[PDB]
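**Q** A single structure is presented below for examination.
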Amino acid sequence: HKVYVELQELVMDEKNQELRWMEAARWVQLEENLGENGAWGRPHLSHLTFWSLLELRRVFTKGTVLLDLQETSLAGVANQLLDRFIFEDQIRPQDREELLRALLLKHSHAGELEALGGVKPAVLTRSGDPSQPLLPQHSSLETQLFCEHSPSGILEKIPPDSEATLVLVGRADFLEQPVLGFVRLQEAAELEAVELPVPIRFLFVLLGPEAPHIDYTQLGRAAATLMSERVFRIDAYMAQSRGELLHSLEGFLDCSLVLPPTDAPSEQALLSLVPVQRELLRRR
Amino acid sequence: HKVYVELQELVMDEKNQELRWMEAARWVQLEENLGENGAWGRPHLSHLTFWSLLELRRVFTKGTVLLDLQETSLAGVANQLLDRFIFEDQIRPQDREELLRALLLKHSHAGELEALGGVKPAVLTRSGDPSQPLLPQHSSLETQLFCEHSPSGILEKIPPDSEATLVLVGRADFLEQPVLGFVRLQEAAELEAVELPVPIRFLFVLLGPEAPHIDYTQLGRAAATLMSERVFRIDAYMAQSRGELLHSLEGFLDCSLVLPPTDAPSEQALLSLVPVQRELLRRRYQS
Amino acid sequence: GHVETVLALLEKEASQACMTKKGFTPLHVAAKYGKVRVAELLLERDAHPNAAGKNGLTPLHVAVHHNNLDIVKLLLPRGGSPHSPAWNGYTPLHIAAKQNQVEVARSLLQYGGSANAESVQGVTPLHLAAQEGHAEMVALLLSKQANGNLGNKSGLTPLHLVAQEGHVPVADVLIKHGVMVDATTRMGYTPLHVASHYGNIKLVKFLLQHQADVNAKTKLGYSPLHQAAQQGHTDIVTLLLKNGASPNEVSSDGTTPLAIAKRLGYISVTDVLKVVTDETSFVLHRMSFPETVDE
């Protein structure tokens with residue numbers, strides 16, 4: 001089955017101090033990001049950062065998997081995921097209430113943003129009151145470089161048989177460590193809380209506190225680039241334990257190329273890679 | 001401004017069963033490598049792999065660093081560096097008798113090789129005899145694509161006032177974990193492993209037993225491309241401790257750009273990655 | 001409510017799309033009449049709570065009108081409707097506040113609540129909660145995080161409505177929370193203006209303590225005095241005057257508080273206001289009424 005990936009993260013609008021999940025980019029064919037004005041930009045290739053892949057391997061090595069879950073609504077998935085988190089001592093039992101309150105807020109869409117008047121990052125607190133996070137609020141480089149009939153156009157671009165994949169990321173202060181959850185439903189179910197054009201099959205949850213060498217948006221982007229690959233999603237369909245996923249991630253990372261900072265002319269530097277990448281993709 | 005970097009590994013000859021040092025690549029602003037023929041491929045941009053940089057970081061977090069040591073010969077360097085590995089408990093003292101003779105071995109270039117017949121990779125053992133690796137090996141990517149006159153151009157590109165760096169990579173079965181040594185000399189020194197008249201200032205030692213997701217040639221390539229950058233070289237010229245190198249390494253990794261394998265690669269969509277690398281360049285040269 | 005009869009009907013596979021002309025669902029009568037043992041039977045066939053008829057109503061909206069909360073507390077994990085509006089755009093939050101059950105705030109707190117959702121009028125659940133201004137509301141609403149005073153299309157802030165109904169408790173709770181004391185409407189009426197039109201001396205004294213200006217003028221020149229005079233509430237007009245309210249302020253129509261008191265034949269008021277007021281700014285019938293949310 002083909003896939004359609006959607007990434008959402010915790011923010012808060014300005015008119016009222018209310019947190020909500022907001023989408024940031026989609027992966028129909030290429031990564032297409034959403035600007036602050038609310039308009040989608042141009043599709044382009046997916047490049048990551050090294051800290052994202054390092055932390056993804058570290059947190060997926062000790063992550064929590066839930067395969068063939070039998071659910072039809074988001075509340076049940078949330079409850080079972082929280083119980084499985086409590087089972088492996090990922091989070092403390094006194095934090096279950098806050099995360100269950102967090103994961104059940106309303107999920108807006110692209111049409112409401114101009115009604116909202118703008119949104120800003122909002123990290124959770126134990127009392128539940130929103131505040132500004134204690135971290136530099138510099139915007140993403142992709143937003144700086146790729147922004148400054150579309151539903152029917154993407155609908156024509158949507159493959160007729162496809163199963164969507166939702167990734168939810170953010171930051172929460174009262175926890176003590178990042179935690180991972182990879183959940184695959186047994187059959188495709190239409191979640192009523194989130195309006196996605198095709199049903200949901202997979203679900204990624206990566207949540208935790210503010211930590212060095214960690215950017216949650218780029219980590220989610222790395223997760224989306226994982227989910228957009230053919231062989232990795234084939235192994236995810238054929239997965240039955242965490243070992244197969246870790247082995248497939250090792251095989252995926254074994255076939256990447258890293259670029260150091262070079263003062264060469266950029267077009268010539270970028271064009272020198274092509275047969276190297278072709279041989280690597282033949283090897284993979 | 002422009003420096004010369006050499007990389008040699010410890011392998012065995014097809015002539016007779018033995019162990020000795022042979023170079024594998026050279027770095028003057030670009031990577032140049034040679035194959036089985038003894039001929040050097042055309043220079044190209046150096047491309048990293050994930051495990052090389054990652055394991056370089058892992059071993060570099062626990063590496064002994066000796067700054068501005070006053071030596072000019074190779075045996076005093078060997079003695080002091082092995083005393084340093086003894087000092088910080090990086091290796092057992094019962095290994096030194098092997099490792100000394102591991103170091104005091106010949107260092108020949110490509111011109112000797114045709115009479116020698118060619119070389120193949122071999123592993124150090126506790127005894128002192130070459131041996132075949134246990135984990136499987138794969139054909140290298142850079143030699144297949146690039147290898148499959150030059151020295152006058154090498155001496156032409158290199159400014160007459162320059163200093164060189166060397167890295168010595170090898171596999172040894174009698175070790176526990178990979179070890180790293182990083183020594184910057186007090187003064188420039190001429191060494192008999194390098195036939196070129198340039199002197200040496202920095203020196204690397206990357207050793208270890210065999211482990212998965214570790215290719216020692218790739219690790220040496222990572223170390224050489226680490227040494228070739230202007231800002232990190234300037235920092236090492238002015239480095240006074242280890243945490244300075246650590247912060248410079250983190251600044252090196254932060255301005256790196258990684259691209260994953262895809263389904264159908266193309267050039268037209270790839271040309272849109274020009275400005276972000278430029279901004280990483282600018283942010284790197286921000287520092 | 002014969003449960004084993006419904007068990008007999010279940011094997012015959014009667015549809016759960018049984019819809020009347022009025023828009024009722026099978027869940028609606030279970031919500032009304034409190035015959036609830038059949039609810040687990042209805043979920044044996046995996047009932048879906050999201051169901052809106054002609055009036056757009058949900059099992060929670062019909063449930064809160066006559067509350068048997070033991071079903072709703074278990075419906076909330078069973079894919080409950082979190083922010084479901086009615087055909088009037090009405091969320092369950094403010095209609096539960098107007099119904100004012102003792103645990104319905106705790107019932108939604110089991111999942112959470114939004115007290116700022118826009119209706120078709122533009123009124124928020126916070127404002128309709130403040131309009132009734134019950135005793136437990138001023139305590140519980142604190143846990144929910146919402147704009148303390150939220151305007152509607154009229155621009156009516158919770159304080160305004162509290163002044164309209166003259167609920168001292170709510171007006172206190174709100175000022176203590178830090179709401180705007182002199183919040184203005186789209187026309188320019190403040191909670192003082194509105195309280196003076198109401199004529200509630202208590203709903204005016206409290207506001208005086210809250211520091212709402214006693215001379216706040218409307219976009220048409222009407223002040224809380226003009227308003228107390230047109231209403232004929234001498235109590236409020238005297239309270240305003242005593243607290244420094246100016247009685248010689250001409251409105252956009254040339255009528256002062258005295259002019260009004262007179263034209264309305266209110267004598268008790270005219271005696272104080274006419275003497276306190278200076279000579280009419282002009283020689284000479286449009287009135288002044290504060291906005292209010294529509295039906």
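Ordering of the structure tokens sets the chain letters (A, B, ...), residue numbers begin anew at 1 in every chain, and ligands are numbered from 1 in the order given.
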Distance cut-off 9 Å, counting only C-alpha atoms - which residues of chain A neighbour chain C? Return them as a ChimeraX atom specification.
**A** /A:15-18,72-76,79,100-101,104-106,127-130,192-193
**Q** For N, CA and C atoms, I'd like the residues from the last selection saved as a PDB file, in the first residue's frame.
**A**
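result_13.pdb, freshly written:
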ATOM      1  N   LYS A  15      -4.695  34.497  20.602  1.00  0.00           N
ATOM      2  CA  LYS A  15      -5.887  35.156  21.124  1.00  0.00           C
ATOM      3  C   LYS A  15      -6.281  34.588  22.482  1.00  0.00           C
ATOM      4  N   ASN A  16      -6.113  33.282  22.660  1.00  0.00           N
ATOM      5  CA  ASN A  16      -6.330  32.608  23.929  1.00  0.00           C
ATOM      6  C   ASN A  16      -5.195  31.619  24.154  1.00  0.00           C
ATOM      7  N   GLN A  17      -4.744  31.504  25.401  1.00  0.00           N
ATOM      8  CA  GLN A  17      -3.596  30.656  25.717  1.00  0.00           C
ATOM      9  C   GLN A  17      -4.075  29.207  25.755  1.00  0.00           C
ATOM     10  N   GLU A  18      -4.288  28.654  24.562  1.00  0.00           N
ATOM     11  CA  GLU A  18      -4.817  27.306  24.391  1.00  0.00           C
ATOM     12  C   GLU A  18      -3.902  26.527  23.460  1.00  0.00           C
ATOM     13  N   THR A  72     -10.695   1.628  17.298  1.00  0.00           N
ATOM     14  CA  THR A  72     -11.418   2.415  16.314  1.00  0.00           C
ATOM     15  C   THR A  72     -11.452   3.892  16.644  1.00  0.00           C
ATOM     16  N   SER A  73     -11.013   4.307  17.826  1.00  0.00           N
ATOM     17  CA  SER A  73     -11.036   5.710  18.199  1.00  0.00           C
ATOM     18  C   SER A  73      -9.734   6.055  18.899  1.00  0.00           C
ATOM     19  N   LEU A  74      -9.389   7.337  18.840  1.00  0.00           N
ATOM     20  CA  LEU A  74      -8.084   7.772  19.314  1.00  0.00           C
ATOM     21  C   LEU A  74      -7.954   7.631  20.822  1.00  0.00           C
ATOM     22  N   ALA A  75      -9.064   7.716  21.551  1.00  0.00           N
ATOM     23  CA  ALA A  75      -8.986   7.631  23.003  1.00  0.00           C
ATOM     24  C   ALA A  75      -8.513   6.258  23.458  1.00  0.00           C
ATOM     25  N   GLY A  76      -8.972   5.200  22.793  1.00  0.00           N
ATOM     26  CA  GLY A  76      -8.510   3.871  23.150  1.00  0.00           C
ATOM     27  C   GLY A  76      -7.040   3.664  22.847  1.00  0.00           C
ATOM     28  N   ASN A  79      -5.117   5.415  25.547  1.00  0.00           N
ATOM     29  CA  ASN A  79      -5.119   4.725  26.830  1.00  0.00           C
ATOM     30  C   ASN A  79      -4.215   3.502  26.806  1.00  0.00           C
ATOM     31  N   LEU A 100      -2.721  12.113  29.212  1.00  0.00           N
ATOM     32  CA  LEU A 100      -4.020  11.790  28.635  1.00  0.00           C
ATOM     33  C   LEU A 100      -4.845  13.036  28.366  1.00  0.00           C
ATOM     34  N   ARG A 101      -4.713  14.063  29.201  1.00  0.00           N
ATOM     35  CA  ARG A 101      -5.366  15.327  28.893  1.00  0.00           C
ATOM     36  C   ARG A 101      -4.735  15.997  27.685  1.00  0.00           C
ATOM     37  N   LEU A 104      -5.682  14.467  23.897  1.00  0.00           N
ATOM     38  CA  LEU A 104      -7.073  14.427  23.474  1.00  0.00           C
ATOM     39  C   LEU A 104      -7.619  15.791  23.082  1.00  0.00           C
ATOM     40  N   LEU A 105      -6.758  16.777  22.869  1.00  0.00           N
ATOM     41  CA  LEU A 105      -7.241  18.082  22.460  1.00  0.00           C
ATOM     42  C   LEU A 105      -7.723  18.036  21.011  1.00  0.00           C
ATOM     43  N   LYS A 106      -8.361  19.120  20.584  1.00  0.00           N
ATOM     44  CA  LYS A 106      -8.894  19.174  19.233  1.00  0.00           C
ATOM     45  C   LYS A 106      -7.778  19.390  18.220  1.00  0.00           C
ATOM     46  N   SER A 127       0.685  21.968  36.063  1.00  0.00           N
ATOM     47  CA  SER A 127      -0.612  22.560  36.371  1.00  0.00           C
ATOM     48  C   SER A 127      -1.514  22.687  35.153  1.00  0.00           C
ATOM     49  N   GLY A 128      -0.978  22.519  33.948  1.00  0.00           N
ATOM     50  CA  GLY A 128      -1.746  22.649  32.729  1.00  0.00           C
ATOM     51  C   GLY A 128      -1.820  24.049  32.158  1.00  0.00           C
ATOM     52  N   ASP A 129      -1.139  25.018  32.762  1.00  0.00           N
ATOM     53  CA  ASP A 129      -1.174  26.371  32.220  1.00  0.00           C
ATOM     54  C   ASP A 129      -0.109  26.531  31.138  1.00  0.00           C
ATOM     55  N   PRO A 130      -0.431  27.170  30.021  1.00  0.00           N
ATOM     56  CA  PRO A 130       0.574  27.357  28.973  1.00  0.00           C
ATOM     57  C   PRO A 130       1.553  28.462  29.329  1.00  0.00           C
ATOM     58  N   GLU A 192     -12.240   9.633  14.031  1.00  0.00           N
ATOM     59  CA  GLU A 192     -13.136  10.776  13.918  1.00  0.00           C
ATOM     60  C   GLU A 192     -12.520  12.058  14.449  1.00  0.00           C
ATOM     61  N   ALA A 193     -11.543  11.960  15.347  1.00  0.00           N
ATOM     62  CA  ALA A 193     -10.977  13.159  15.952  1.00  0.00           C
ATOM     63  C   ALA A 193     -10.139  13.941  14.952  1.00  0.00           C
TER      64      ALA A 193
END
**Q** Name all residues at most 6 Å from region 7-14 of chain A (count only C-alpha atoms; drop same-chain ones fewer than 4 positions away) and give them as a VMD selection string.
**A** chain A and resid 18 to 25 118 to 122 167 to 170
**Q** What would the file look like if the residues just selected were written as an mmCIF file, in the first residue's frame with C-alpha atoms?
**A**
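The file below, again-v6.cif, is the result:
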data_model
loop_
_atom_site.group_PDB
_atom_site.id
_atom_site.type_symbol
_atom_site.label_atom_id
_atom_site.label_comp_id
_atom_site.auth_asym_id
_atom_site.auth_seq_id
_atom_site.Cartn_x
_atom_site.Cartn_y
_atom_site.Cartn_z
ATOM 1 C CA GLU A 18 -4.817 27.306 24.391
ATOM 2 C CA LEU A 19 -2.517 24.552 23.154
ATOM 3 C CA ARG A 20 -3.405 22.568 20.056
ATOM 4 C CA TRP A 21 -1.862 20.249 17.509
ATOM 5 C CA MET A 22 -0.849 21.878 14.237
ATOM 6 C CA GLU A 23 0.367 20.247 11.050
ATOM 7 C CA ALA A 24 3.675 21.406 9.625
ATOM 8 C CA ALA A 25 4.435 19.430 6.469
ATOM 9 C CA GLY A 118 -1.481 32.881 14.300
ATOM 10 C CA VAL A 119 -0.099 30.192 16.659
ATOM 11 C CA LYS A 120 3.129 29.923 18.757
ATOM 12 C CA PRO A 121 5.010 26.948 20.371
ATOM 13 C CA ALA A 122 3.441 25.876 23.720
ATOM 14 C CA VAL A 167 3.263 11.526 13.500
ATOM 15 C CA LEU A 168 2.737 13.672 16.608
ATOM 16 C CA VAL A 169 5.707 15.354 18.272
ATOM 17 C CA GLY A 170 6.257 18.054 20.859
#
**Q** Pick out the residues sitting within 10 Å of residue 5 (chain A), and hand them over as a ChimeraX atom specification; count only C-alpha atoms, and ignore anything fewer than 4 positions along from it in its own chain.
**A** /A:25-29,31,163-167,200,202,223-225,227-228
**Q** Export N, CA and C atoms of the chosen residues as a CSV table (one decimal), in the first residue's frame?
**A**
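Just written: out_25.csv:
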chain,number,residue,atom,x,y,z
A,25,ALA,N,4.0,19.8,7.8
A,25,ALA,CA,4.4,19.4,6.5
A,25,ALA,C,3.8,18.1,6.1
A,26,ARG,N,3.8,17.8,4.8
A,26,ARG,CA,3.3,16.6,4.2
A,26,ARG,C,4.3,16.0,3.2
A,27,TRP,N,4.1,14.7,3.0
A,27,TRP,CA,5.1,13.9,2.3
A,27,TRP,C,4.4,13.0,1.2
A,28,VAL,N,3.6,13.7,0.4
A,28,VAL,CA,2.9,12.9,-0.7
A,28,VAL,C,4.0,12.4,-1.7
A,29,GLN,N,4.8,13.3,-2.3
A,29,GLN,CA,5.9,12.9,-3.1
A,29,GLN,C,7.2,13.5,-2.5
A,31,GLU,N,8.8,16.6,0.5
A,31,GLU,CA,8.5,17.3,1.7
A,31,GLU,C,7.9,18.7,1.3
A,163,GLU,N,-2.7,4.3,2.6
A,163,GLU,CA,-3.0,4.3,4.1
A,163,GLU,C,-2.2,5.3,4.8
A,164,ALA,N,-2.8,6.3,5.5
A,164,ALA,CA,-2.1,7.4,6.0
A,164,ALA,C,-1.3,7.0,7.2
A,165,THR,N,-0.3,7.9,7.5
A,165,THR,CA,0.5,7.7,8.7
A,165,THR,C,0.7,9.1,9.4
A,166,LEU,N,0.2,9.2,10.7
A,166,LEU,CA,0.3,10.4,11.4
A,166,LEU,C,1.4,10.3,12.5
A,167,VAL,N,2.2,11.4,12.5
A,167,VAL,CA,3.3,11.5,13.5
A,167,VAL,C,3.0,12.8,14.3
A,200,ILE,N,-6.1,5.9,8.7
A,200,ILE,CA,-4.9,5.9,9.5
A,200,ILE,C,-4.5,4.4,9.6
A,202,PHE,N,-0.7,3.6,10.8
A,202,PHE,CA,0.4,3.7,11.7
A,202,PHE,C,0.2,4.9,12.6
A,223,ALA,N,11.5,11.1,11.2
A,223,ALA,CA,10.5,10.0,11.2
A,223,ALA,C,9.7,9.9,10.0
A,224,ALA,N,9.3,11.1,9.5
A,224,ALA,CA,8.5,11.1,8.2
A,224,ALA,C,9.3,10.6,7.1
A,225,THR,N,10.6,11.0,7.0
A,225,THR,CA,11.4,10.5,5.9
A,225,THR,C,11.6,9.0,6.0
A,227,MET,N,9.2,7.0,7.2
A,227,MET,CA,7.9,6.4,6.8
A,227,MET,C,7.7,6.5,5.3
A,228,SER,N,8.3,7.5,4.7
A,228,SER,CA,8.1,7.6,3.2
A,228,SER,C,8.9,6.6,2.4
**Q** Quick one: DSSP strand (DSSP E or B) residues in region 31-220 of chain B, as a VMD selection string?
**A** chain B and resid 31 to 34 40 44 48 64 to 69 107 to 108 119 to 120 123 to 124 131 164 to 169 172 179 to 189 200 to 207
**Q** Write out as a JSON list (two decimals) with C-alpha atoms, in the first residue's frame the residues lying within 8 Å of region 204-218 of chain C, counting only C-alpha atoms and excluding same-chain residues fewer than 2 positions away.
**A**
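Saved as result-v7.json:
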[["chain", "number", "residue", "atom", "x", "y", "z"],
["C", 163, "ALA", "CA", -23.86, 43.40, 35.55],
["C", 168, "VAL", "CA", -22.43, 40.09, 42.75],
["C", 171, "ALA", "CA", -18.81, 39.92, 39.24],
["C", 172, "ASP", "CA", -16.42, 39.41, 42.15],
["C", 175, "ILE", "CA", -12.74, 40.98, 38.87],
["C", 181, "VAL", "CA", -13.85, 46.00, 34.64],
["C", 182, "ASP", "CA", -14.77, 48.56, 31.98],
["C", 187, "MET", "CA", -21.40, 50.25, 20.49],
["C", 188, "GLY", "CA", -19.25, 51.27, 23.47],
["C", 189, "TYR", "CA", -21.18, 50.17, 26.55],
["C", 190, "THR", "CA", -19.27, 49.13, 29.67],
["C", 191, "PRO", "CA", -20.42, 46.89, 32.52],
["C", 192, "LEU", "CA", -21.19, 50.10, 34.40],
["C", 193, "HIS", "CA", -23.43, 51.54, 31.67],
["C", 195, "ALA", "CA", -25.57, 47.94, 35.35],
["C", 196, "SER", "CA", -26.90, 51.51, 35.49],
["C", 199, "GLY", "CA", -30.48, 50.04, 37.95],
["C", 200, "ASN", "CA", -28.91, 47.54, 40.35],
["C", 201, "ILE", "CA", -27.09, 49.58, 43.01],
["C", 202, "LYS", "CA", -25.23, 46.45, 44.11],
["C", 220, "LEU", "CA", -23.23, 58.14, 20.91],
["C", 221, "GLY", "CA", -22.42, 60.11, 24.07],
["C", 222, "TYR", "CA", -24.53, 58.02, 26.44],
["C", 223, "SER", "CA", -22.98, 57.52, 29.89],
["C", 224, "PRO", "CA", -24.06, 55.36, 32.85],
["C", 225, "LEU", "CA", -26.01, 58.40, 34.05],
["C", 236, "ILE", "CA", -28.38, 53.89, 40.37],
["C", 239, "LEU", "CA", -25.11, 56.17, 43.31],
["C", 240, "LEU", "CA", -23.40, 57.38, 40.13],
["C", 243, "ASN", "CA", -19.44, 58.70, 43.09],
["C", 244, "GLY", "CA", -18.51, 61.65, 40.85],
["C", 245, "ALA", "CA", -20.59, 60.89, 37.75],
["C", 246, "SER", "CA", -20.93, 64.06, 35.70]]
**Q** Report as a JSON list (two decimals) with C-alpha atoms, in the first residue's frame: the residues of region 1-99 of chain A with a DSSP assignment of helix (DSSP H, G or I), based on the backbone of this structure.
**A**
[["chain", "number", "residue", "atom", "x", "y", "z"],
["A", 50, "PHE", "CA", 22.83, 14.30, 12.11],
["A", 51, "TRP", "CA", 21.49, 14.92, 15.61],
["A", 52, "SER", "CA", 18.06, 13.91, 14.40],
["A", 53, "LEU", "CA", 19.27, 10.53, 13.19],
["A", 54, "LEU", "CA", 21.40, 9.94, 16.27],
["A", 55, "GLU", "CA", 18.58, 10.66, 18.69],
["A", 56, "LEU", "CA", 16.17, 8.67, 16.54],
["A", 57, "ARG", "CA", 18.38, 5.61, 16.76],
["A", 58, "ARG", "CA", 18.88, 6.10, 20.49],
["A", 59, "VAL", "CA", 15.20, 6.56, 21.28],
["A", 60, "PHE", "CA", 14.08, 3.80, 18.92],
["A", 61, "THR", "CA", 16.55, 1.40, 20.52],
["A", 74, "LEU", "CA", -8.08, 7.77, 19.31],
["A", 75, "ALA", "CA", -8.99, 7.63, 23.00],
["A", 76, "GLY", "CA", -8.51, 3.87, 23.15],
["A", 77, "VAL", "CA", -5.17, 4.06, 21.37],
["A", 78, "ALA", "CA", -4.06, 6.75, 23.80],
["A", 79, "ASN", "CA", -5.12, 4.73, 26.83],
["A", 80, "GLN", "CA", -3.41, 1.55, 25.68],
["A", 81, "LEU", "CA", -0.25, 3.44, 24.76],
["A", 82, "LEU", "CA", -0.16, 5.10, 28.17],
["A", 83, "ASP", "CA", -0.64, 1.79, 29.92],
["A", 84, "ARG", "CA", 2.19, 0.28, 27.90],
["A", 85, "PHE", "CA", 4.36, 3.26, 28.79],
["A", 86, "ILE", "CA", 3.65, 2.70, 32.46],
["A", 87, "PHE", "CA", 4.50, -0.97, 32.09],
["A", 93, "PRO", "CA", 2.44, 6.99, 37.08],
["A", 94, "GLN", "CA", 1.56, 10.45, 38.38],
["A", 95, "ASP", "CA", 2.06, 11.88, 34.87],
["A", 96, "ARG", "CA", -0.59, 9.69, 33.22],
["A", 97, "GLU", "CA", -3.35, 12.22, 33.79],
["A", 98, "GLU", "CA", -1.44, 15.08, 32.19],
["A", 99, "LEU", "CA", -0.50, 13.14, 29.07]]
**Q** Which residues of chain B are close to chain A, meaning at most 6 Å apart when you count only C-alpha atoms, and how do they look as a PyMOL selection string?
**A** chain B and resi 47-49+256-261+274
**Q** Of the residues A:64, A:33, A:162, A:90, which is the one nearest to residue 3 (chain A), using only C-alpha atoms?
**A**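 The closest residue to residue 3 (chain A) is A:162.
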**Q** Which residues, written as an MDAnalysis selection string, have at least one atom at most 12 Å from residue 55 (chain B), with only C-alpha atoms counted and residues fewer than 4 positions away on the same chain left out?
**A** (chainID A and resid 54) or (chainID B and resid 49:51 59:62 177:180 206 208 211:216 218:220 222:223)
**Q** Export C-alpha atoms of the chosen residues as a CSV table (one decimal), in the first residue's frame?
**A**
chain,number,residue,atom,x,y,z
A,54,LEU,CA,21.4,9.9,16.3
B,49,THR,CA,29.3,7.7,5.7
B,50,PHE,CA,27.3,7.6,8.9
B,51,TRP,CA,29.3,5.0,10.8
B,59,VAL,CA,36.1,7.1,20.2
B,60,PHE,CA,37.0,10.8,20.3
B,61,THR,CA,35.0,11.4,23.5
B,62,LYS,CA,37.5,9.2,25.3
B,177,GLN,CA,38.0,-1.5,22.3
B,178,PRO,CA,39.2,1.0,19.7
B,179,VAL,CA,41.7,3.5,21.1
B,180,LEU,CA,42.6,6.9,19.7
B,206,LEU,CA,43.3,4.9,15.4
B,208,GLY,CA,40.9,-1.3,17.7
B,211,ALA,CA,33.4,-4.8,15.5
B,212,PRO,CA,30.2,-4.5,13.4
B,213,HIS,CA,29.4,-1.2,11.8
B,214,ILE,CA,33.1,-0.3,11.8
B,215,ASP,CA,35.2,0.0,8.7
B,216,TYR,CA,38.7,1.2,9.6
B,218,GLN,CA,36.2,4.6,6.4
B,219,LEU,CA,37.2,5.7,9.9
B,220,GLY,CA,40.5,6.9,8.5
B,222,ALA,CA,36.6,10.5,8.4
B,223,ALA,CA,39.7,11.5,10.4
**Q** Using only C-alpha atoms, which residues sit within 6 Å of residue 35 (chain C) once same-chain residues fewer than 2 positions away are excluded, as a PyMOL selection string?
**A** chain C and resi 1+30+33
**Q** Would you save the residues of that selection, restricted to N, CA and C atoms, as a PDB file, in the first residue's frame?
**A**
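Below is the file out_0.pdb, written as the result:
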ATOM      1  N   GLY C   1     -37.792   0.258  27.951  1.00  0.00           N
ATOM      2  CA  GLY C   1     -36.626  -0.209  28.681  1.00  0.00           C
ATOM      3  C   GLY C   1     -36.644  -1.664  29.100  1.00  0.00           C
ATOM      4  N   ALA C  30     -32.458   6.669  25.453  1.00  0.00           N
ATOM      5  CA  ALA C  30     -31.691   6.143  26.577  1.00  0.00           C
ATOM      6  C   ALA C  30     -31.091   7.269  27.408  1.00  0.00           C
ATOM      7  N   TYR C  33     -34.726   8.959  29.156  1.00  0.00           N
ATOM      8  CA  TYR C  33     -35.502   8.190  30.115  1.00  0.00           C
ATOM      9  C   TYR C  33     -34.638   7.438  31.113  1.00  0.00           C
TER      10      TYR C  33
END
**Q** I'd like the interatomic distance between CA of residue 158 (chain C) and CA of residue 113 (chain A), to a tenth of an Å.
**A** 25.8 Å
**Q** Between CA of residue 99 (chain C) and CA of residue 64 (chain C), what is the distance in Å, rounded to a tenth?
**A**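 Taking CA of residue 99 (chain C) and CA of residue 64 (chain C), their separation equals 7.4 Å.
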**Q** Show me, as number ranges by chain, the residues that have an atom within 9 Å of residue 187 (chain B) when counting only C-alpha atoms, minus same-chain residues fewer than 4 positions from it.
**A** B: 68-72, 200-201
**Q** For a test of reading the model, state the distance in Å between CA of residue 52 (chain B) and CA of residue 225 (chain B), rounded to one decimal.
**A**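 Distance between the two atoms: 10.9 Å.
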